[PDB]
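The chain that follows stands alone, in the form deposited in one PDB entry, written as structure tokens.
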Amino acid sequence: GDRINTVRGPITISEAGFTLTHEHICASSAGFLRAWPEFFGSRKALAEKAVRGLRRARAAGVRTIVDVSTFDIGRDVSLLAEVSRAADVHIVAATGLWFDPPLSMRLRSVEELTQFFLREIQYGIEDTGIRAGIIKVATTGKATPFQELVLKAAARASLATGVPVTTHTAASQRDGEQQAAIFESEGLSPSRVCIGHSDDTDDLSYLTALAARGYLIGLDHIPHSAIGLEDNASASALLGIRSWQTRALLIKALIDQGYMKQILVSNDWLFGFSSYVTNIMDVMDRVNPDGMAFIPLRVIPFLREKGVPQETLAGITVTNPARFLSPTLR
């Protein structure tokens, strides 16, 4: 556990630096960007845009982002490597499955899925040699049967490799509780696990109860808000109507209850988005022109102003990610 795999190769733990742990270059679907790149203008336009945003995040102090796009989010690790080199920002790539698995995934056993995630972690994604550094999974409410298999296989792959697991939840449904039960049924340590989208809820008791058990709490939706666009239903459905300040005060709340070491903060931002309504990216970029720089430009100052010490901010944004990403065998 002394090296993190990025899309440009292994980096030391101290090279990671200021890290965003839940981001995407592009949220799409398996095969889609290569089949229909004109949906994003062109592949070149998408890449140029990503590099712009990554360069601006780098200017604001971001050294590493974790791209948590799985196979079924249309992860294109060749694009990641390209924009990582061009922008000079480390990108950690993901294996796992999110909630749009095709038939050839859906029909697979826990054992088969375990071999797939291990392939992507140990040997490399597709034919690239680029090894994942994290496993993403997802529920949206109670796990479907397949989703239980995915979580169990993610737990098996993490135990074999030391690589952490990170989750999508419907927080309003307290998904993290079922996710934790499943992971613990496989003997996975809660410190290997980030329960994500957790700022979608204001149920602080749900959150501290998980952190108390050792889970990392991913407060990765801070800039996601449809305030001012409440008449755009597709945006409000996606973003919620809770303000960024409300979401950020959960970070303080967790800190005040003694759980600073369990917190991971991010934007869940992206430069293309095909797996929602057309032209959604335009809406999102109007909502948050800072994009991935929103955390270092708006959130960290806001917290500091509300009296969060520098030291605690550095812990959350540098230390916790390093601990989380360092591959760590039981």
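Note that residue numbering begins at 1 and tracks the sequence as displayed.
The deposited model assigns a higher average Cα B-factor to 229-237 than to the other stretch when 83-91 and 229-237 are compared. Stretch comparison (30-38 versus 288-296) by mean CA B-factor in the PDB entry places 288-296 on top. Each of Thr166, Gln115, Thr246, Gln179 has a CA temperature factor in the record; the biggest one is found at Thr246. Across the residues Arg58, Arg52, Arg304, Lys44, the deposited record lists the maximum Cα B factor for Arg304. Sort the modelled residues of the chain by CA B factor and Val7 lands in the lowest third. Placement of the Cα temperature factor of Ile222 within the chain: middle third of the modelled residues, per the deposited record.
Placement of the Cα temperature factor of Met281 within the chain: highest third of the modelled residues, per the deposited record. Per-chain ranking of the deposited C-alpha B factor places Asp256 in the highest third.
Among all modelled residues in this chain, the alpha-carbon of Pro101 has a temperature factor (C-alpha) in the lowest third.
What comes next is about the form deposited with a small molecule bound, which is not displayed.
Using a 4.5 Å heavy atom cutoff, none of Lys142, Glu148 and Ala153 lies near the small molecule in the bound PDB entry. Comparing 201-209, 254-262, 75-83, 181-189 against the small molecule in the bound PDB entry, the single stretch with non-hydrogen atoms within 4.5 angstroms of it is 254-262.
At least one heavy atom of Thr319 is located within 4.5 Å of the small molecule in the bound PDB entry. With a 4.5 Å cutoff on heavy atoms, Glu15 does not count as touching the small molecule in the bound PDB entry; it lies far away.
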